[PDB]
Amino acid sequence: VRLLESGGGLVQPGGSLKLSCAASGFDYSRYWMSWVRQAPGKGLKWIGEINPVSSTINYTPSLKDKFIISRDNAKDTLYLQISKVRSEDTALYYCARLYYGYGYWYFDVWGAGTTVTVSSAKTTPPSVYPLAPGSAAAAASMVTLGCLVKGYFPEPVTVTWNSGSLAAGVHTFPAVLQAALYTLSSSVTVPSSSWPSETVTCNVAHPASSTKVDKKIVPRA
Amino acid sequence: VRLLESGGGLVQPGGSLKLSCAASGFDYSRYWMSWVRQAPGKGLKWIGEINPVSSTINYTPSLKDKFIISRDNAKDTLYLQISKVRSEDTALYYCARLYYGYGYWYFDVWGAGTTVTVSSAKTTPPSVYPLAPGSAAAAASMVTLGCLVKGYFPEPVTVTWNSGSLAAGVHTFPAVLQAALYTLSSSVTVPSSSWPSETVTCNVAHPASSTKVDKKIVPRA
Amino acid sequence: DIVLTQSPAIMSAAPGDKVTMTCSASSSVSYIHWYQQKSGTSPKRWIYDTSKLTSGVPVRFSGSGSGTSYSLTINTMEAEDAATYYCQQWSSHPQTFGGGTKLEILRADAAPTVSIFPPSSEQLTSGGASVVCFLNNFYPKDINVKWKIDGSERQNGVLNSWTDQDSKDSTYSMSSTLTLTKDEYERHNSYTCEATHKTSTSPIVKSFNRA
Amino acid sequence: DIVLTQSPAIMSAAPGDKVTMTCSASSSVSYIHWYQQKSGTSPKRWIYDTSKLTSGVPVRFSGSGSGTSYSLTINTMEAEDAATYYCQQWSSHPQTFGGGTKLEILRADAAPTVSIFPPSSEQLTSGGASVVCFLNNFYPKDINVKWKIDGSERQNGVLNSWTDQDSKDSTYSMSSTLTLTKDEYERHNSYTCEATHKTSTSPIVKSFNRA
Amino acid sequence: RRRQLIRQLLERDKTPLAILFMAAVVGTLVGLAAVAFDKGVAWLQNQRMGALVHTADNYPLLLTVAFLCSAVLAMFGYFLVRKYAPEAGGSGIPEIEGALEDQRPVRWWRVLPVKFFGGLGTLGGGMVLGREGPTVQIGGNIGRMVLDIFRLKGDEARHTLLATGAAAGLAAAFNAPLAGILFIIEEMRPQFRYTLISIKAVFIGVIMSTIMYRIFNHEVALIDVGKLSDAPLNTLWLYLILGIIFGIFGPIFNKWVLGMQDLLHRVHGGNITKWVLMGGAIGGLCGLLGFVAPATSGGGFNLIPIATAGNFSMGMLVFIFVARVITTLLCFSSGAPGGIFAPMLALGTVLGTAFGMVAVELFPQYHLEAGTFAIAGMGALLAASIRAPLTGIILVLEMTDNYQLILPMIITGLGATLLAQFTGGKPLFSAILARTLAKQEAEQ
Amino acid sequence: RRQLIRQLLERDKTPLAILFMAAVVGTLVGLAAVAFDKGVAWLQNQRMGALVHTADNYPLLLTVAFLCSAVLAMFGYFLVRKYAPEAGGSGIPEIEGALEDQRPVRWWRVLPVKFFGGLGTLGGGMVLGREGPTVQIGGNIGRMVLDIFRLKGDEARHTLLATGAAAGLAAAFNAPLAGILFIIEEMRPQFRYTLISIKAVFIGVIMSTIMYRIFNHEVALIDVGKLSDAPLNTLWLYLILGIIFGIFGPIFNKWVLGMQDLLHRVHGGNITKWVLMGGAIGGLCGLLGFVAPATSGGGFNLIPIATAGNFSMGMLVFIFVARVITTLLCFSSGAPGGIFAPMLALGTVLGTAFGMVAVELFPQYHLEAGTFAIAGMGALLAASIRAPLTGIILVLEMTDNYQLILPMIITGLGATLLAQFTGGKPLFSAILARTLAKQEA
Ligand SMILES: [Br-]
Ligand SMILES: [Br-]
Ligand SMILES: [Br-]
Ligand SMILES: [Br-]
């Protein structure tokens, strides 16, 4: 059973977008389909639901044409139109199939999600800068390295170290927004013998802006 | 209810091809499917059949793995793999949904058929040349135009006029084969008070090469 | 496997005629079927279980018989009935079709509309010289094409092609293609197209001039 | 509509422990359902109809309650148990979810491993200077940070960002980043990073001089 | 009597081969007959449709020929009944129930052609009557006919072949084997004493008539409603409530059907000509309404699939209900040949649908589909007026094929029988046998 | 005549107290059936858990499989032989007698004897159903509430005895209709008129089904999915299959009856030879429920597998023979538990077999053995116990393949017709006859 919803991204305030959830691994009819969104760092909220015969569609206590849920049983996919988008809709959108036990209904199987950002801000590539320790720091047991991915929009960037291979002791911090741009940094702690006598590289991908960048962390001469 | 079989075309003798049939408008489970073929200008021959859960599959007096009939119920699609292809397999292949009256079964809704040609020759887009009357056209009630489709392989092509909005007054003559290449032309009689006054275009479509040519009949100036 | 062989391989009858074709089988078959295949179209389950009509088949169609012999009858045939009909059994595995009876329509006389066409300008950018001549909507089907380059008769590389009998008007049609090299066409001037048909004693002629 | 309020917002508890989170309705509810949301993945169905364990759920889990008050419970809490639990009713429409309960692995205290960094040369080749300072691997999550430009305290252009709890040691990591203009930064020398944790009373300083 | 039981147990389920073999020939005939009747009715409704096309212009002339066709054919039916077999008026199930109690005669030489050709007229005119009436009675008489023609002696042979005829009668009427057999052993049989009805022979009879029905009516169901949704456990109580509503209405309808027999008896006073003409007036009103609002007229089988899918509005449902109550009464209570069984399914669906709609908007958390309440309500009027729930529930199940709705169906039905008991209503088939059986003593 | 008019106007009028009490009966029967069901499950489960703890040493596991099933079997035969010999075997024969007033309904004894006895024989993985236990327990439950509330009259005595048996079968197969239909086709006094209120039987069955759905929702007992259809020229094949069930129905009755006798000598009515012989059979069950589970157990597990045609012809023939054996040894040895269920199992396995032969013989029919499997399922019930209308409706309710209704009826009726003309008897009457005759002899 897979519910794979696409469509999320960056839209402008006042605009609109068509989220889509594509279904696999069960009879898509018979099943009620529902949209549920999660405002970042906040509770889950119910958008709406549609029945197999698309003859009952229930939305949350919400303005007249805001949401427009429909399904195309023939393509086994569930759609959500949001109109007049505003910064309140900036959230992670999940589609779900509905079931029951005694008959008090529950959200059976969820999907992965897609993220909608509602901002007037412009898509902007990131600047990747290495974070080699200074000519002042003593090479202890562990040596902390890092790189700073500053000044991009919107989320996400994907920071992985040594083409993924260095999977231990890594901390990709959450990004923070300021004056319409995100900034995050990522740490990798190799042992003292590991560096600089070996190549440590950070790979930053911001797919939002077609940016794939590799930044070598060379020591401070 | 439509059975829309594809995948046919040119094969080199001895090789193998997979035909697909794509169905839509009836529960694709519950039905036995079949394959019947028709060599050019000849009657009908039963290739094979297959039940819904692919648990019984009978073929006709063939060989080892001469034909192989599969079916992906999740895709509403019927398949036919023909291997070791000799030139008796140059035919038109109908995928057909099976059903019974009292009990002795029949072939119910038939597909369009795909064309399979077994030859060593090359696949060639056709050239389309507009046939307009000479400057000395004594244009009476109804003007007759056409277009010449020559130098394609294999069969077939389809000619329509003005995407087929012009149904009446059209002939398309059967292709004649000369020098391992095909050639036909289509004729279209229309009111004289309708050309050159309006747009009259022929839509030639040769699927084997994936080529449409839209020759527009321009009065001989 | 049962071998079904069908009575007339080809038959001709004028509409209003009562028409029966026959399907004869090697052994015993029961509740056979019939398909209609009109020209350049996939078959249509026409009659089923020996006598039932499929949904949307005129009541002019009937079907009967048992054992070795079966029939299909068109009581008062219509001209829109021009197809090849196949019988099929599956009373004994594996199912087997018939040879096909091909119904042709006998209609009244119908003189041909001739149209002659000069080789297009882009076909000349390719050294070809195909002169086309359509002879459309004629009955009966016997027609005779004749090509006269500069009055002089030609017969090299002229190819003919006839359509089936049309489903509603019952008339045939024919195209003729005189194909040449670039200079072969340009080293003449007067091309004619001659068509002699049952409908006229003196041939129908159409021609164009390069000059 | 009905408002469910999950009582412990965030909570920590050691492995092998009786963990219990409330879900108090603002009205009358029946047969609620619980969902486990691990960091960065689909909310999965855990408990339903006030108490039933779904296929897959280890038996250490169980819910109960009624009327206006329900609760999920863990007898022996394992490692794979710390996530966010979301109660949800649909006895009264429109359905509602709880605020969530974030369960976290409690562990032995850990003092922060501090690393300070000088703005890269390429960033300066732009007019920006960012002083990154890492505070890595510490429990509990509570920590204080404070910058010293030329031994003097600084509060502008500082941004701090904690990771969520780790699952390779259940610690936290927070990064403080001070940003200045190339000019702004260049008229200063001593750059200190001060980390005030619960594990000490005197802060772990880490600094560097431009010169 | 214990030693007698050991004697009997060791001798249970032993029907004489001749009774079994004759049950088979009963079914076969009943079936072919039902099939024939079915086709006759169809042909006539079709000819009548063909006339309205010949006068498709002139609006009043259309409304005229719709009336006159259904008038004439109704008159023809009332006449054939009033003149040659008054016992074959109305349903016919009351009479065959009596015949099993030896309280009524089975005058087959009369009824067979009267009910057959009479029904052909009333039904073929598009009147609001079923086919069950005609086929069940015709069925019994057919079983009587072969009892006489073969001079089979004994109580067993007289009750059995009378019962299996009725069973194969209902069975070939609804393509419902089980409902036939169940109908006999829940309603048709002498309800107060032991009888000599062989169940095994009833079956063989039902089997044969179903096979005869499938030979000619393969590959098209009577009611196609598709597979509906499920019913969750906390939904069930709503089916109880629905049943209660059917329970209080069941007897209320029985008053109307009985009382309307009386009220219509005065319009003619037992006079052949006042009756025949009154009948042609109702009949004509049906062929008329079968043009200006076909939902109000006809057997009812047409509006069922439409109602279940929720394609009717609340208004249209209420209207369909009201007007069907009217036309169902006028046709049945006027003693025209034809069952009430079918239009009772129609009325049950239409009510169930309505209750389902109200349910749907009131409880969106249940995710209701009115069509489940339509299917629960289908056999409910049968369980509240006719008081044969086990027949009505299995009748529905056999036609709608929604076994997942078995519980709501039973619960609604049982609620309808329990409330039809506590509001003092009577099995409508007994009630008419009692009126007929009492009215024959009350002239001595 | 005038008596009839008096009766007609008074038909279907059950005293509210009989109705009300039928409702409580069901409720109890159901909850109990549910409880028993869960008990058997729990024990089958513990026994599975022991075989895990000795999953290595091969003979050690084969032993612990025997010993578990031996011990729990012995426990069952004992609880029966010691405190209620009437609750041995099925229990349906007894309750039928009880409705004829020819047998006593000693609920104070049978309730806990059948319950905990069945728990032992069933939970040991013996080839017995749940019907036996639940139907009897059901009747006794209806007796218990008749006594405890002192309800007077024949109606109250037969009704509450019947609805108890009905709600008994109902919560046994999640089959409401089969319950009600079984009462009015088999359970009722077959030769005289009775005072059983159908309306009240319903209410009872309803309640027990609701009790069953409350604890067993969202999992069917048999899931076979929607099979294909059956064309009209196929029907004769189901007649032939029925005839084959018809000849075998009585032959099976002989072996079930005869095997009661041949097993009665091994103990001679002796409590100790009995209980030990019972533990020997029981232990053979838990053993075979490891080395070929298809031969052992209730049978419900092999049905879905058989119908889908996942068994080979060999495996089918072996599962048949071995099940005939184990079904006899367990029921004929008078262990508590129905024969209803393993009879369905036998019917499916035969039906499937017939269907396979059918499939290859007639490829032009496009057959699916699984249709013959579902036709054969209720067929042994129509040939041995001679209740086809209950068997057909029981299968229909469990398999949900209504489009196969004709094949199902045709096979079933062919089985009843040929079990009559080969001199066989309703196996539930035959046992009542044996027990009622052995009482006066
Ligand atoms: Br009546
Ligand atoms: Br009726
Ligand atoms: Br027994
Ligand atoms: Br049993």
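Residues numbered from 1 in each chain as written, not as in the entry; some residues may be left out. Chains lettered and ligands numbered in written order. Heavy atoms only, no water.

The record names X-ray crystallography as the way this model was obtained, at a resolution of 3.40 Å.

J.: Help me understand the overall build of chain F, please; the structure alone is not making it clear to me.
T.: The secondary structure content of chain F amounts to 19 helices and 0 strands. Relative to the globule expectation of 22 Å for 441 residues, the C-alpha radius of gyration of chain F, 21 Å, shows essentially globular dimensions. A burial count over chain F gives 64% of its 441 residues as buried. A sequence separation of at least 24 residues applies to 82% of the contacts in chain F between residues at least 6 apart. (Helix = DSSP H or I, 4+ residues; strand = E, 2+ residues; numbered from the N terminus. Rg over C-alpha atoms; globule rule 2.2 N^0.38 Å. Buried < 20%, exposed > 50% of the residue type's maximum accessible area, 1.4 Å probe, protein only. Contact = heavy atoms within 4.5 Å.)

J.: When you look at the sheet that holds strand β11 (residues 113–117) of chain C in this model, what are you seeing that I'm missing?
T.: Residues and elements named next belong to chain C. Strand order in the open sheet formed by 4 strands is β11-β12-β16-β15, with antiparallel pairing between adjacent strands. Edge positions in the sheet fall to β11 and β15 (158–162), since each of these pairs with one other strand and no more. Averaged over neighbouring strand pairs, the angle between their axes works out to 15 degrees when direction is ignored. Taken together, the 9 bridges between strand β12 (residues 128–138) and strand β16 (residues 172–181) define a ladder with antiparallel strand orientation. Residue pairing for β16: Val 131 is matched across the bridge by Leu 178. (Pairing = 2+ DSSP bridges. Axes fitted to C-alpha atoms, helices over the stretch in contact; angles between N-to-C directions.)

J.: What am I meant to see in the interface of chain E and chain F here?
T.: When the parts of a complex come together, some accessible area is lost, and that lost area is often used as the size of the interface. Contact residues are listed per partner, giving 68 residues for chain E and 67 residues for chain F. Both sides together, the interface formed by chain E and chain F hides about 6800 Å², and carbon and sulfur atoms give 68% of it. Looking only at chain E, the three residues that lose the most surface to chain F are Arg2(E), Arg12(E) and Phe192(E), adding up to 13% of its buried area. Applying the counting criterion to the chain E and chain F interface returns 6 salt bridges. (Buried area = accessible area lost by both parts, 1.4 Å probe. Salt bridge = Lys/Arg side-chain N within 4 Å of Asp/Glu carboxyl O.)

J.: I would appreciate a short explanation of the sheet that holds strand β18 (residues 211–216) of chain B in the present structure.
T.: Across a sheet, paired strands are connected by hydrogen bonds in the backbone, their directions being either parallel or antiparallel. Residue and element names in this part refer to chain B. Spatially, 3 strands are ordered β13-β17-β18 in an open sheet, and the strand pairing comes out antiparallel. Only two strands of the sheet have a single partner each, and these edge strands are β13 (158–161) and β18. This sheet shows a mean twist of 20 degrees between the axes of neighbouring strands, independent of strand direction. Across 4 bridges, the pairing between β13 and strand β17 (residues 201–206) is antiparallel. Bridge pairing in β17 places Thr 160 opposite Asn 203.

J.: I keep staring at the arrangement of the chains and nothing clicks. Help me out?
T.: There are 11 pairs of chains in contact here, and the one with the most contacts is chains E and F. With no contact between them, chain A and chain C keep their nearest C-alpha atoms 26 Å apart. Spatially, chain B and chain D are disjoint, and the shortest separation between their C-alpha atoms is 25 Å.

J.: What's the story with the state of the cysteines in this structure? I'm lost.
T.: Disulfide: a covalent bond formed between the sulfur atoms of two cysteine residues. Scanning the entire structure with this criterion turns up 8 disulfides over all chains. In this model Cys23(C) forms its disulfide with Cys87(C); the gap between the sulfur atoms is 2.1 Å. Handedness here is read from the sign of the S-S torsion; for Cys23(C) and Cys87(C), about 75 degrees, the answer is right-handed. Residue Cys23(C) is located in strand β3 (residues 19–29), and its partner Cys87(C) is located in strand β8 (residues 84–89); the two are separated by 64 residues in the primary sequence. Accessibility classification places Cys23(C) together with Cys87(C) in one group, the buried group. The closest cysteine sulfur to the non-disulfide-bonded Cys286(E) is located on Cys331(E), 3.7 Å from its own sulfur. Exposure remark for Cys286(E): the relative accessible area of 1% places this residue in the buried category. (Disulfide = S-S within 2.5 Å.)

J.: Even after reading the chapter, I still don't get the nonpolar core, so can you show me in this structure?
T.: Looking at soluble globular proteins, one finds that nonpolar side chains tend to be buried together. Membership of the largest hydrophobic core comes to 284 residues, with the highest contact counts inside it found for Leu395(E), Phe173(F) and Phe340(F). Ranked by residues supplied to this core, first place goes to helix α14 (residues 341–362) of chain E with 12 residues. Counting residues in each nonpolar core, the second largest holds 43 residues, with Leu78(B), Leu92(B), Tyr86(C) and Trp90(C) among its members. (Core = buried A, V, L, I, M, F, W, Y, C linked by side-chain atoms within 4.5 Å.)

J.: Even after reading the chapter, I still don't get empty space enclosed by the protein, so can you show me in this structure?
T.: Empty space among the atoms becomes visible once a probe the size of a water molecule is rolled across them. Evaluated as defined, the whole model comprises 8 cavities of 30 Å³ or more. One number sums up the size of the largest cavity: a volume of about 80 Å³. Those elements that place two or more of their residues in the lining of the largest cavity are α8 (176–187) and α19 (427–440) of chain F. Of the residues contributing to the lining of the largest cavity, the split by class is 4 nonpolar, 2 polar and 5 charged. Reported here for the second largest cavity is a volume of approximately 70 Å³. Looking at the second largest cavity, the residues that line it are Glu97(E), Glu101(E), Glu187(E), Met188(E), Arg189(E), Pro190(E), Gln191(E), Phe192(E), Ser430(E), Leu433(E), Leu8(F) and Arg11(F). Taken together, the elements giving at least two residues each to the lining of the second largest cavity come down to α8 (177–188) and α19 (428–441) of chain E. Of the residues assigned to the lining of the second largest cavity, the class counts are 5 nonpolar, 2 polar and 5 charged. (1 Å grid on protein atoms, 1.4 Å probe; cavity = no way out; pocket = protein on both sides within 12 Å on 5 of 7 lines; lining within 4 Å. Points joined across faces, edges and corners; volume = space filled by probe spheres on them. Nonpolar A, V, L, I, M, F, W, Y, C, P; charged D, E, K, R; others polar.)

J.: Help me understand helix α15 (residues 369–377) of chain F in this model?
T.: All names here are of chain F. Burial within α15 is extensive, with 9 of its 9 residues counted as buried. Along α15, the residues that are buried comprise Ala 369, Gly 370, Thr 371, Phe 372, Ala 373, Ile 374, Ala 375, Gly 376 and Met 377. Residues of α15 that are buried sit in contact with α10 (235–267), α12 (302–307), α14 (340–361), α16 (379–383), α17 (388–399) and α18 (405–420).

J.: Can you walk me through unusual backbone geometry in this structure?
T.: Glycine aside, residues mostly have negative phi, and peptide bonds are mostly found in the trans state. Cis geometry is found at the peptide bond from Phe153(B) to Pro154(B), where omega equals -5 degrees. Positionally, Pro154(B) belongs in the loop between β12 (142–152) and β13. Look at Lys84(B): it is not a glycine, yet its phi comes out positive at around 50 degrees. Along the chain, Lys84(B) falls in the loop between β7 (77–82) and β8 (91–100). A relative accessible area of 66% places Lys84(B) in the exposed class. Of note in the backbone geometry, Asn137(D) takes a positive phi value of approximately 70 degrees without being a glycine. Take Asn137(D): it is sitting in strand β12 (residues 128–138).

J.: Sorry, what's going on with the packing of helix α4 (residues 92–99) of chain F against α8(F) here?
T.: When two helices pack together, their arrangement is given by the angle between their axes and by how far apart the axes lie. Residues and elements named next belong to chain F. Put simply, α4 and α8 touch, their axes get as near as 11 Å, and they point 70 degrees apart. The orientation of α4 with respect to α8, classified from their angle, is roughly perpendicular. In this structure, α4 uses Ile 92, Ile 95, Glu 96 and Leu 99 to contact α8, whose residues at the interface are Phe 182, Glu 186 and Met 187. Here the residues of the contact of α4 with α8 sort into 5 nonpolar, no polar and 2 charged. (Parallel < 35°, antiparallel > 145°, perpendicular 65-115°, else oblique.)

J.: Could you clarify how one ought to interpret the interface of chain A and chain E in this entry?
T.: If you look at the interface, chain A gives 11 residues, while chain E gives 9 residues. Summed over both sides, the interface of chain A with chain E buries roughly 890 Å², with 52% coming from carbon and sulfur. Among the residues of chain A in contact with chain E, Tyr100(A), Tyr102(A) and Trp105(A) are the three that bury the most area, contributing 43% of the side total. On the surface where chain A and chain E come into contact, there are 0 salt bridges. Taken together, the residues that form the side of chain A that touches chain E break down as 7 nonpolar, 2 polar and 2 charged.

J.: When you look at the domain arrangement of chain A in this model, what are you seeing that I'm missing?
T.: All names here are of chain A. Partitioning chain A into structural domains gives domain 1 (1–120) and domain 2 (121–219). A C-alpha centroid distance of 35 Å is found between domain 1 and domain 2. On the side of domain 2, 5 residues touch domain 1, which itself brings 4 residues to the contact. If you look at where domain 1 meets domain 2, you find 0 salt bridges. Connecting domain 1 to domain 2 are 1 residue pair in polar contact. The residue inventory of the side of domain 1 that touches domain 2, partitioned by class, reads 1 nonpolar, 3 polar and no charged. (Domains from an automatic or database assignment. Polar contact = N/O pair within 3.5 Å; in protein donor to acceptor, adjacent residues only side chain to side chain.)

J.: Can you walk me through a nonpolar patch on the surface in this structure?
T.: Residues and elements named next belong to chain E. Taken together, the side chains of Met 314, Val 318, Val 322, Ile 326, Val 358 and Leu 362 define a hydrophobic patch exposed on the protein surface, amounting to about 510 Å² of accessible area. When contributions to the nonpolar patch are tallied by element, the ones reaching two or more residues are α13 (314–332) and α14. The element contributing the most residues to the nonpolar patch is α13, with 4 residues. Mapping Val 322 onto the fold places it in helix α13. The exposure class of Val 322 is partly exposed, given its relative accessible area of 47%. (Patch = residues over 30% accessible without salt bridge, like charges linked within 9 Å, V, L, I, M, F, W, Y side chains within 5 Å. Areas by Shrake-Rupley, 256 points an atom, 1.4 Å probe, with all protein chains shown as cover.)

J.: Would you explain the environment of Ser92(D) in this entry?
T.: All names here are of chain D. You can see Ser 92 is positioned in the loop between β8 (84–89) and β9 (96–97). Look at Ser 92 and you get partly exposed, because its relative accessible area is 23%. Each C-alpha atom of the pair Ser 92 and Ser 27 lies 9.4 Å from the other, and the pair is 65 residues apart in sequence. Not counting residues within four places of it along the chain, the set of residues in contact with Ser 92 comprises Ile 2 and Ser 28.

J.: Help me understand α4(F) in this model?
T.: Think of an α-helix as turning once every 3.6 residues; residues three or four places apart then point the same way. Residue and element names in this part refer to chain F. With 8 of 8 residues buried, α4 is to be regarded as a mostly interior element. All of the buried residues in α4 are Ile 92, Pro 93, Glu 94, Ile 95, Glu 96, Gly 97, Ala 98 and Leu 99. In the segment just after α4, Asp 101 is the residue with positive phi, at about 60 degrees.

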